[PDB]
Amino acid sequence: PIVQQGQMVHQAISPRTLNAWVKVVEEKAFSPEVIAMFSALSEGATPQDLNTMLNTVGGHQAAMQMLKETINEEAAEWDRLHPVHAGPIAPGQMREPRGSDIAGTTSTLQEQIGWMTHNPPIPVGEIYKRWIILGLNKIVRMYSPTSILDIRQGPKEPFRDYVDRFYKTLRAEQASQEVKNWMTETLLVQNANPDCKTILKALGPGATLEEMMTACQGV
């Protein structure tokens, strides 16, 4: 990665960042917390470090291939919006990057460092990072076993655990924040068990989750 005297300086990815990432993928497979951990360990990372984290993943090669295809689609879109102009790169200048240069496959470390440290800066690491997080979101969608519509509270299930399951499944859903707001406003109270459902409906439509959980504590 690169960390900011004032100037931004280059640095190699640490061995325990790599070991942490590999352990995370080995243990947790693909889940939202794996994506959060990815963005955590890849702060200020170059495309070389991102490809470094991706290529060290053993197994799960179906998901890795899906991620490759997503990255290729985003790169082709970048090439459509940003057409490269033929010509000689002038002294004191750097070429404009392609989608493959952002993915680190056709660019050198010096070129990525120059794009990132330039003023104005071309943040290739955060763009490639954006594409990677997109594909990872697709993977987490495909590998989620349950749908949010099937999360129902058991007859003897404490409301707390039911909320744990509900928002666990909701975090993996692929829907805009408005759709998830609707799911919270409708499905959470709708799919509770009758004993808790009646009380929550007695609370009102504008209650917080704290009030809903403290209401069905005894039930």
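Numbering starts at 1 and runs along the sequence shown.
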Deposited-sequence gap flanked by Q4 and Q5: 1 to 3
Segment of higher mean CA temperature factor, 38-46 or 60-68: 38-46
Selected stretch [higher average CA B-factor]: 148-156 or 50-58: 148-156
Residue with maximal Cα B-factor (values as given in the PDB entry) among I122, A76, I127, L134: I122
Within-chain third of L109 by Cα B-factor, per the entry: middle
Third of chain Cα B-factors occupied by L187: middle
B-factor third for the C-alpha atom of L209 within its chain: lowest
Chain thirds of CA B-factor: placement of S31: middle
Assigned third (lowest, middle, highest) for the C-alpha B factor of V140: lowest
